[PDB]
Amino acid sequence: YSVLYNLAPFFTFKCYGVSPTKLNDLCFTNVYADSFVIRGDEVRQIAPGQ
Amino acid sequence: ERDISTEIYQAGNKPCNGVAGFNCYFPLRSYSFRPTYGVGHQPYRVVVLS
């Protein structure tokens, strides 16, 4: 995550379950990545339950 | 022990006071409560006797 974390043009990086700044010590059995491009106004819509 | 000081989280490698942005976070977050929320997220009142 260090190279992703230190990628400068990131604007919004919002998590919902754990701390987002110490992922190196945290290990998971799965990683799911989904990608798309949307309007700015509905950018806040990515929160669940919108 | 209790903590009240409101200092912006400088969780980055830059001397950031700022207002918002990358590695420049306001530590406090607001609970939001409404009756539509399901069981397990409605507010609970807690009193501890020592």
# chains A, B, ... in the order shown; residues from 1 in each chain; ligands from 1
$ residues_around --residues "region 3-20 of chain A" --least-positions-apart "2" --cutoff "12 Å" --atoms "only C-alpha atoms" --output "list in words"
residues 1, 22, 23, 24, 25, 26, 40, 43, 44, 46, 47 and 48 of chain A; 11, 12, 13, 20, 21, 22, 23, 24 and 25 of chain B
$ select_by_dssp --residues "region 4-49 of chain A" --states "helix (DSSP H, G or I)" --output "VMD selection string"
chain A and resid 4 to 5 41 to 46
$ atom_distance --atom1 "CA of residue 27 (chain B)" --atom2 "CA of residue 44 (chain B)"
22.5 Å
$ atom_distance --atom1 "CA of residue 43 (chain B)" --atom2 "CA of residue 31 (chain B)"
9.1 Å
$ atom_distance --atom1 "CA of residue 35 (chain A)" --atom2 "CA of residue 2 (chain A)"
20.0 Å
$ select_by_dssp --residues "chain B" --states "strand (DSSP E)" --output "number ranges by chain"
B: 9-10, 24-25
$ residues_around --residues "residue 42 (chain B)" --least-positions-apart "5" --cutoff "10 Å" --atoms "only C-alpha atoms" --output "number ranges by chain"
B: 32-37
$ closest_residue --among "A:27, A:45, A:50, A:21" --to "chain B" --atoms "only C-alpha atoms"
A:21
$ decode --residues "region 22-49 of chain A" --atoms "N, CA and C atoms" --output "short mmCIF file (atom, residue, chain, number, x, y, z; two decimals), in the first residue's frame"
data_model
loop_
_atom_site.label_atom_id
_atom_site.label_comp_id
_atom_site.auth_asym_id
_atom_site.auth_seq_id
_atom_site.Cartn_x
_atom_site.Cartn_y
_atom_site.Cartn_z
N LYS A 22 -2.23 2.28 8.17
CA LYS A 22 -1.32 1.27 8.70
C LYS A 22 -1.67 -0.11 8.14
N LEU A 23 -1.92 -0.18 6.83
CA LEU A 23 -2.32 -1.43 6.21
C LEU A 23 -1.17 -2.42 6.05
N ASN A 24 0.08 -1.99 6.26
CA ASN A 24 1.22 -2.88 6.06
C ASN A 24 1.18 -4.05 7.03
N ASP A 25 0.85 -3.80 8.30
CA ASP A 25 0.78 -4.86 9.29
C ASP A 25 -0.50 -5.67 9.21
N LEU A 26 -1.52 -5.18 8.51
CA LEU A 26 -2.80 -5.87 8.40
C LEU A 26 -2.79 -6.74 7.14
N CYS A 27 -3.23 -7.99 7.29
CA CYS A 27 -3.23 -8.95 6.20
C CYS A 27 -4.63 -9.50 5.97
N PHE A 28 -4.98 -9.69 4.70
CA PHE A 28 -6.29 -10.19 4.31
C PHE A 28 -6.13 -11.37 3.37
N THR A 29 -7.15 -12.21 3.33
CA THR A 29 -7.18 -13.34 2.41
C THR A 29 -7.71 -12.98 1.04
N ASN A 30 -8.29 -11.78 0.88
CA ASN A 30 -8.89 -11.40 -0.39
C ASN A 30 -8.72 -9.90 -0.60
N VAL A 31 -8.68 -9.51 -1.88
CA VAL A 31 -8.64 -8.11 -2.28
C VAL A 31 -9.51 -7.97 -3.52
N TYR A 32 -10.56 -7.16 -3.42
CA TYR A 32 -11.48 -6.93 -4.54
C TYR A 32 -11.35 -5.49 -5.00
N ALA A 33 -11.08 -5.30 -6.29
CA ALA A 33 -10.91 -3.97 -6.86
C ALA A 33 -11.92 -3.76 -7.98
N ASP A 34 -12.71 -2.69 -7.88
CA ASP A 34 -13.70 -2.34 -8.90
C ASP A 34 -13.44 -0.91 -9.36
N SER A 35 -13.60 -0.67 -10.66
CA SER A 35 -13.25 0.63 -11.22
C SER A 35 -14.38 1.19 -12.07
N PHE A 36 -14.57 2.51 -12.00
CA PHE A 36 -15.46 3.20 -12.93
C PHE A 36 -15.17 4.70 -12.88
N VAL A 37 -15.87 5.45 -13.72
CA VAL A 37 -15.76 6.91 -13.77
C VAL A 37 -17.17 7.48 -13.75
N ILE A 38 -17.41 8.46 -12.87
CA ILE A 38 -18.74 9.03 -12.68
C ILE A 38 -18.65 10.55 -12.64
N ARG A 39 -19.82 11.18 -12.51
CA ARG A 39 -19.90 12.62 -12.34
C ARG A 39 -19.36 13.03 -10.98
N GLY A 40 -18.93 14.28 -10.88
CA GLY A 40 -18.47 14.81 -9.61
C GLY A 40 -19.57 14.86 -8.56
N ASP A 41 -20.77 15.31 -8.95
CA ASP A 41 -21.85 15.49 -8.00
C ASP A 41 -22.19 14.20 -7.27
N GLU A 42 -22.21 13.08 -7.99
CA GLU A 42 -22.53 11.78 -7.41
C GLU A 42 -21.30 11.05 -6.88
N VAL A 43 -20.17 11.75 -6.75
CA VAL A 43 -18.97 11.11 -6.21
C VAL A 43 -19.20 10.65 -4.77
N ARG A 44 -19.95 11.44 -4.00
CA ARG A 44 -20.29 11.04 -2.64
C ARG A 44 -21.23 9.84 -2.60
N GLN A 45 -21.81 9.45 -3.74
CA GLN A 45 -22.74 8.33 -3.79
C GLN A 45 -22.08 6.98 -3.55
N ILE A 46 -20.75 6.89 -3.59
CA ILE A 46 -20.10 5.60 -3.48
C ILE A 46 -20.22 5.02 -2.08
N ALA A 47 -20.61 5.83 -1.10
CA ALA A 47 -20.89 5.30 0.22
C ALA A 47 -22.07 4.33 0.14
N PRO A 48 -22.03 3.22 0.88
CA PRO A 48 -23.12 2.24 0.79
C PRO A 48 -24.43 2.82 1.29
N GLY A 49 -25.53 2.35 0.69
CA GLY A 49 -26.85 2.77 1.09
C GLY A 49 -27.33 4.08 0.50
#
